[PDB]
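A.B. asks: Take a look at the following structure, please.
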Amino acid sequence: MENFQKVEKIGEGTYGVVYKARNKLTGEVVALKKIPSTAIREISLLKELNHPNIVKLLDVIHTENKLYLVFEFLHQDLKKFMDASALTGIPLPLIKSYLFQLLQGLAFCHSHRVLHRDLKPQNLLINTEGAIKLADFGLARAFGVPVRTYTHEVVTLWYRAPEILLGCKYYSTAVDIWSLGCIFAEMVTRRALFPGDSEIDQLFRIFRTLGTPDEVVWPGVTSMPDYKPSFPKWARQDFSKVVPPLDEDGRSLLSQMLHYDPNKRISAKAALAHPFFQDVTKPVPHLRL
Ligand SMILES: Cc1cnc2c(NCc3ccncc3)nccn12
């Protein structure tokens, strides 16, 4: 760490505080994240998982039994950008470009059997060139996913897939497609899709919009560990009501990204081929740094 000069704190991640820092030598500006052999090995694997839509893991510093992860620095996150674009909303072509890029990032990670597991606007980082990138990829498998960050800040449930909430132990890459569908809806409507404030409130918000899942739409759901026959039975709502005024192509894709059955939920690779992206472009966001 003597090689870095902390410039400022840019947030408190799930596994520790993140600082903007400068390499005392190269002068390179980076994000320094202050955090077992298994964890060390897993994190080490992440260094090779490189893609233009995945925030680059530059190095890992393991000292005094303390862990620091050195990342590429980006100037803004999607949560801030959305708050800033609240009055007018993010233009559709930009939402479309961001979604397309994030799907490319996911398709890449998923091909290497690596899941993110905790996608949320705070871990989607953007630059002036119109790129968006996934931050903290793989850290959940490496260290695990807690309920409260080292800062005691409640870990958001808003983007959690229903199979996780229902106790599935061996969930899949489909969990990241669910999260991204939630974020896609939020960019379009300017409001979180399922802002649950407890595990049961999160599940019930999902059920109220998508209908209470049953064996018809999700074979095996009633056997899941945390499924209860006493759950209320709510009817499904039309997506025309959920994400107006998204067009039919967007509503169709969002529907496949929010399918209950993880086996049937669209993959990142298949989503890239969806008609919604026929006219995709790469606009530049107007960032105020
Ligand atoms: C791993 C990582 C790389 N860049 C960021 C990042 N950048 C946004 C920002 C920049 C400056 N001040 C506040 C937030 N936020 C969180 C994590 N980050």
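Every chain in the structure tokens takes a letter, A first, then B, and so on in the order presented; its residues are numbered from 1, and the ligands are numbered from 1 following the presented order.
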Residues up to 10 Å from ligand 1, counting only C-alpha atoms and all ligand atoms: could you list those as a PyMOL selection string?
C.D. replies: chain A and resi 7-13+17-20+29-33+55-57+69-80+122-127+133-136+289
A.B. asks: Going by DSSP on the backbone, which residues of region 3-85 of chain A come out as strand (DSSP E)? List them as a ChimeraX atom specification.
C.D. replies: /A:4-12,17-23,29-34,57-63,66-72,76-77
A.B. asks: Neighbouring residues of residue 203 (chain A) were defined as those with any atom within 9 Å, considering only C-alpha atoms; residues of the same chain fewer than 5 positions away were excluded. Please report them as a list in words.
C.D. replies: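 My reading of the contact set: residues 162, 165, 166, 194, 196, 198 and 208 of chain A.
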A.B. asks: Output C-alpha atoms for every residue in the selection just made, as a short mmCIF file (atom, residue, chain, number, x, y, z; two decimals), in the first residue's frame.
C.D. replies:
data_model
loop_
_atom_site.label_atom_id
_atom_site.label_comp_id
_atom_site.auth_asym_id
_atom_site.auth_seq_id
_atom_site.Cartn_x
_atom_site.Cartn_y
_atom_site.Cartn_z
CA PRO A 162 -36.69 -15.22 -6.78
CA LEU A 165 -35.14 -15.67 -2.09
CA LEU A 166 -36.83 -19.08 -2.14
CA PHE A 194 -39.17 -4.20 -6.73
CA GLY A 196 -38.31 -4.70 -1.08
CA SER A 198 -37.10 -7.41 3.82
CA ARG A 208 -47.76 -8.77 -6.89
#
A.B. asks: Based on the backbone DSSP call, show me all residues of region 28-105 of chain A assigned alpha helix (DSSP H), as a VMD selection string.
C.D. replies: chain A and resid 37 to 46 78 to 84 92 to 105
A.B. asks: Expressed in Å to a single decimal, how great is the separation between CA of residue 96 (chain A) and CA of residue 109 (chain A)?
C.D. replies: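 That distance, rounded to one decimal, is 20.2 Å.
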A.B. asks: For CA of residue 3 (chain A) and CA of residue 65 (chain A), determine how far apart the two atoms are, in Å to one decimal place.
C.D. replies: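 So the answer is 17.4 Å.
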A.B. asks: Given only C-alpha atoms as the basis, pick out the residue of A:107, A:248, A:164, A:137 nearest to residue 270 (chain A).
C.D. replies: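 Using only C-alpha atoms, residue 270 (chain A) sits closest to A:107.
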A.B. asks: Work out how far CA of residue 243 (chain A) is from CA of residue 185 (chain A), in Å to one decimal.
C.D. replies: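 Distance between the two atoms: 6.2 Å.
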A.B. asks: Using only C-alpha atoms, pick whichever of A:283, A:138, A:181, A:213 has the shortest atom-to-atom distance to residue 39 (chain A).
C.D. replies: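 Under the stated criterion, the closest residue is A:138.
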A.B. asks: Would you kindly return, as JSON, numbers by chain, each protein, DNA or RNA residue with an atom no farther than 12 Å from any atom of residue 230 (chain A), considering only C-alpha atoms and excluding same-chain residues fewer than 4 positions away?
C.D. replies: {"A": [212, 222, 226]}
A.B. asks: Write a file of the just-selected residues containing C-alpha atoms, as an mmCIF file, in the first residue's frame.
C.D. replies:
data_model
loop_
_atom_site.group_PDB
_atom_site.id
_atom_site.type_symbol
_atom_site.label_atom_id
_atom_site.label_comp_id
_atom_site.auth_asym_id
_atom_site.auth_seq_id
_atom_site.Cartn_x
_atom_site.Cartn_y
_atom_site.Cartn_z
ATOM 1 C CA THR A 212 -47.583 -15.710 -7.392
ATOM 2 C CA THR A 222 -43.525 -25.558 -4.516
ATOM 3 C CA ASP A 226 -38.499 -21.375 1.569
#
A.B. asks: Mind checking which residues fall within 10 Å of residue 103 (chain A), counting only C-alpha atoms, ignoring those fewer than 2 positions away in the same chain, and posting them as a list in words?
C.D. replies: residues 53, 97, 98, 99, 100, 101, 105, 106, 107, 108, 109, 176, 177, 180, 267, 268, 269, 270, 271 and 272 of chain A
A.B. asks: Let's have the selection written as a tab-separated table (two decimals), in the first residue's frame, with N, CA, C and O atoms.
C.D. replies:
chain	number	residue	atom	x	y	z
A	53	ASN	N	-16.40	-4.61	-20.88
A	53	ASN	CA	-17.53	-4.22	-20.04
A	53	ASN	C	-17.46	-4.75	-18.64
A	53	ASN	O	-18.47	-4.80	-17.95
A	97	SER	N	-28.24	1.03	-25.35
A	97	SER	CA	-26.81	0.81	-25.48
A	97	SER	C	-26.23	0.21	-24.16
A	97	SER	O	-25.41	-0.73	-24.20
A	98	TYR	N	-26.63	0.78	-23.03
A	98	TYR	CA	-26.15	0.29	-21.73
A	98	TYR	C	-26.56	-1.16	-21.52
A	98	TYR	O	-25.75	-2.00	-21.13
A	99	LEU	N	-27.82	-1.47	-21.81
A	99	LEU	CA	-28.27	-2.85	-21.64
A	99	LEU	C	-27.51	-3.81	-22.54
A	99	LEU	O	-27.13	-4.93	-22.13
A	100	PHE	N	-27.29	-3.39	-23.79
A	100	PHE	CA	-26.57	-4.25	-24.74
A	100	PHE	C	-25.13	-4.55	-24.26
A	100	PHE	O	-24.68	-5.71	-24.24
A	101	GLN	N	-24.45	-3.51	-23.80
A	101	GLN	CA	-23.10	-3.65	-23.28
A	101	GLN	C	-23.03	-4.54	-22.04
A	101	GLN	O	-22.13	-5.37	-21.91
A	105	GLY	N	-20.99	-8.08	-21.38
A	105	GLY	CA	-20.21	-8.38	-20.18
A	105	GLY	C	-20.68	-9.68	-19.53
A	105	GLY	O	-19.87	-10.56	-19.21
A	106	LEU	N	-22.00	-9.79	-19.31
A	106	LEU	CA	-22.53	-11.03	-18.70
A	106	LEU	C	-22.26	-12.25	-19.56
A	106	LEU	O	-21.96	-13.33	-19.03
A	107	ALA	N	-22.47	-12.14	-20.86
A	107	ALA	CA	-22.28	-13.31	-21.72
A	107	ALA	C	-20.84	-13.76	-21.60
A	107	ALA	O	-20.55	-14.97	-21.55
A	108	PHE	N	-19.93	-12.80	-21.46
A	108	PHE	CA	-18.53	-13.17	-21.35
A	108	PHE	C	-18.25	-13.92	-20.06
A	108	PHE	O	-17.71	-15.01	-20.08
A	109	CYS	N	-18.68	-13.34	-18.92
A	109	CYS	CA	-18.45	-13.94	-17.62
A	109	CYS	C	-19.13	-15.29	-17.48
A	109	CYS	O	-18.57	-16.23	-16.89
A	176	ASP	N	-28.18	-13.32	-12.62
A	176	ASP	CA	-27.67	-12.02	-13.08
A	176	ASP	C	-28.56	-11.43	-14.16
A	176	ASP	O	-28.73	-10.18	-14.22
A	177	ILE	N	-29.18	-12.28	-14.98
A	177	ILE	CA	-30.13	-11.83	-15.99
A	177	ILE	C	-31.36	-11.19	-15.29
A	177	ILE	O	-31.85	-10.14	-15.72
A	180	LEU	N	-30.32	-7.74	-13.98
A	180	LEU	CA	-30.19	-6.78	-15.09
A	180	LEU	C	-31.56	-6.40	-15.62
A	180	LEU	O	-31.78	-5.22	-15.97
A	267	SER	N	-30.89	-16.32	-21.76
A	267	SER	CA	-29.46	-16.22	-21.43
A	267	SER	C	-28.95	-14.86	-21.95
A	267	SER	O	-29.63	-14.19	-22.75
A	268	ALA	N	-27.75	-14.45	-21.52
A	268	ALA	CA	-27.20	-13.16	-22.01
A	268	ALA	C	-26.96	-13.27	-23.52
A	268	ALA	O	-27.28	-12.37	-24.27
A	269	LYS	N	-26.44	-14.42	-23.94
A	269	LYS	CA	-26.15	-14.63	-25.37
A	269	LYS	C	-27.42	-14.53	-26.22
A	269	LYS	O	-27.46	-13.84	-27.24
A	270	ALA	N	-28.48	-15.21	-25.80
A	270	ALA	CA	-29.73	-15.13	-26.54
A	270	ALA	C	-30.35	-13.71	-26.53
A	270	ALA	O	-30.94	-13.27	-27.52
A	271	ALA	N	-30.22	-13.01	-25.40
A	271	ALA	CA	-30.76	-11.65	-25.28
A	271	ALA	C	-30.09	-10.72	-26.30
A	271	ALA	O	-30.74	-9.85	-26.85
A	272	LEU	N	-28.79	-10.92	-26.52
A	272	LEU	CA	-28.04	-10.07	-27.48
A	272	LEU	C	-28.64	-10.15	-28.90
A	272	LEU	O	-28.54	-9.20	-29.70
A.B. asks: Please identify all polymer residues within 10 Å of region 260-263 of chain A, counting only C-alpha atoms, omitting same-chain residues fewer than 5 positions from it, and present them as a VMD selection string.
C.D. replies: chain A and resid 161 to 163 171 to 175 177 to 178 206 210 to 215 217 to 221 255
A.B. asks: Atoms to include: N, CA and C atoms. Write the selected residues as an mmCIF file, in the first residue's frame.
C.D. replies:
data_model
loop_
_atom_site.group_PDB
_atom_site.id
_atom_site.type_symbol
_atom_site.label_atom_id
_atom_site.label_comp_id
_atom_site.auth_asym_id
_atom_site.auth_seq_id
_atom_site.Cartn_x
_atom_site.Cartn_y
_atom_site.Cartn_z
ATOM 1 N N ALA A 161 -32.849 -12.366 -7.414
ATOM 2 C CA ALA A 161 -33.704 -13.300 -8.135
ATOM 3 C C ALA A 161 -34.557 -14.146 -7.188
ATOM 4 N N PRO A 162 -35.744 -14.524 -7.674
ATOM 5 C CA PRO A 162 -36.687 -15.221 -6.777
ATOM 6 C C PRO A 162 -36.149 -16.552 -6.305
ATOM 7 N N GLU A 163 -35.371 -17.246 -7.124
ATOM 8 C CA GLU A 163 -34.816 -18.543 -6.680
ATOM 9 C C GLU A 163 -33.887 -18.382 -5.492
ATOM 10 N N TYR A 171 -28.091 -21.832 -7.320
ATOM 11 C CA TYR A 171 -28.539 -20.946 -8.371
ATOM 12 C C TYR A 171 -27.447 -20.720 -9.436
ATOM 13 N N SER A 172 -27.892 -20.247 -10.580
ATOM 14 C CA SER A 172 -27.112 -20.176 -11.803
ATOM 15 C C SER A 172 -26.876 -18.767 -12.310
ATOM 16 N N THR A 173 -26.290 -18.698 -13.486
ATOM 17 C CA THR A 173 -26.057 -17.427 -14.158
ATOM 18 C C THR A 173 -27.370 -16.656 -14.409
ATOM 19 N N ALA A 174 -28.510 -17.357 -14.397
ATOM 20 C CA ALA A 174 -29.797 -16.720 -14.618
ATOM 21 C C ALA A 174 -30.039 -15.640 -13.541
ATOM 22 N N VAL A 175 -29.405 -15.763 -12.380
ATOM 23 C CA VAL A 175 -29.670 -14.750 -11.355
ATOM 24 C C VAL A 175 -29.215 -13.368 -11.801
ATOM 25 N N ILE A 177 -29.183 -12.278 -14.983
ATOM 26 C CA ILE A 177 -30.130 -11.830 -15.993
ATOM 27 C C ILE A 177 -31.360 -11.187 -15.293
ATOM 28 N N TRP A 178 -31.834 -11.808 -14.186
ATOM 29 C CA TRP A 178 -32.932 -11.215 -13.418
ATOM 30 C C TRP A 178 -32.541 -9.820 -12.939
ATOM 31 N N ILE A 206 -42.439 -8.963 -5.890
ATOM 32 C CA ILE A 206 -42.289 -9.717 -7.146
ATOM 33 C C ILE A 206 -43.603 -10.392 -7.493
ATOM 34 N N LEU A 210 -45.673 -9.969 -10.980
ATOM 35 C CA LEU A 210 -45.520 -11.057 -11.924
ATOM 36 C C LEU A 210 -46.465 -12.269 -11.690
ATOM 37 N N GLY A 211 -47.251 -12.182 -10.601
ATOM 38 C CA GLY A 211 -48.182 -13.210 -10.178
ATOM 39 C C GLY A 211 -47.462 -14.182 -9.230
ATOM 40 N N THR A 212 -48.192 -14.728 -8.272
ATOM 41 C CA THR A 212 -47.583 -15.710 -7.392
ATOM 42 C C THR A 212 -47.238 -16.954 -8.202
ATOM 43 N N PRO A 213 -45.962 -17.371 -8.184
ATOM 44 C CA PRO A 213 -45.537 -18.505 -8.951
ATOM 45 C C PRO A 213 -46.172 -19.801 -8.440
ATOM 46 N N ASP A 214 -46.459 -20.682 -9.380
ATOM 47 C CA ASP A 214 -47.018 -21.986 -9.085
ATOM 48 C C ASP A 214 -46.380 -23.037 -10.000
ATOM 49 N N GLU A 215 -46.824 -24.292 -9.892
ATOM 50 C CA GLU A 215 -46.235 -25.333 -10.678
ATOM 51 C C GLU A 215 -46.452 -25.174 -12.174
ATOM 52 N N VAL A 217 -46.301 -22.186 -14.021
ATOM 53 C CA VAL A 217 -45.274 -21.338 -14.606
ATOM 54 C C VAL A 217 -43.838 -21.694 -14.198
ATOM 55 N N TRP A 218 -43.690 -22.399 -13.073
ATOM 56 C CA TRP A 218 -42.374 -22.746 -12.563
ATOM 57 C C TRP A 218 -42.390 -24.153 -11.948
ATOM 58 N N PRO A 219 -42.242 -25.161 -12.778
ATOM 59 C CA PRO A 219 -42.229 -26.552 -12.289
ATOM 60 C C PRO A 219 -41.176 -26.734 -11.179
ATOM 61 N N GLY A 220 -41.627 -27.261 -10.034
ATOM 62 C CA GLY A 220 -40.737 -27.509 -8.898
ATOM 63 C C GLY A 220 -40.729 -26.392 -7.860
ATOM 64 N N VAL A 221 -41.339 -25.253 -8.177
ATOM 65 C CA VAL A 221 -41.289 -24.127 -7.256
ATOM 66 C C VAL A 221 -41.828 -24.482 -5.875
ATOM 67 N N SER A 255 -39.682 -9.327 -20.375
ATOM 68 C CA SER A 255 -40.445 -10.501 -19.950
ATOM 69 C C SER A 255 -39.604 -11.774 -19.901
#
A.B. asks: Can you tell me which residues surround region 143-158 of chain A at a distance of at most 7 Å, considering only C-alpha atoms, apart from same-chain residues fewer than 3 positions away, and format the answer as a list in words?
C.D. replies: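 Surrounding residues, per the criterion: residues 14, 15, 16, 39, 139, 140, 194, 195, 196 and 202 of chain A.
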A.B. asks: Using only C-alpha atoms, which residue out of A:183, A:68, A:27, A:60 lies closest to residue 121 (chain A)?
C.D. replies: A:183
A.B. asks: Just checking: using only C-alpha atoms, which residue out of A:250, A:167, A:285, A:232 ends up closest to residue 84 (chain A)?
C.D. replies: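 The closest residue to residue 84 (chain A) is A:285.
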A.B. asks: Name the closest residue to residue 104 (chain A) among the candidates A:120, A:54, A:234, A:142; distances are taken between atoms, counting only C-alpha atoms.
C.D. replies: A:54
A.B. asks: With only C-alpha atoms as the atoms that count, which of A:95, A:192, A:49, A:87 lies nearest to residue 115 (chain A)?
C.D. replies: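 Checking each of A:95, A:192, A:49, A:87 against residue 115 (chain A), counting only C-alpha atoms, the winner is A:49.
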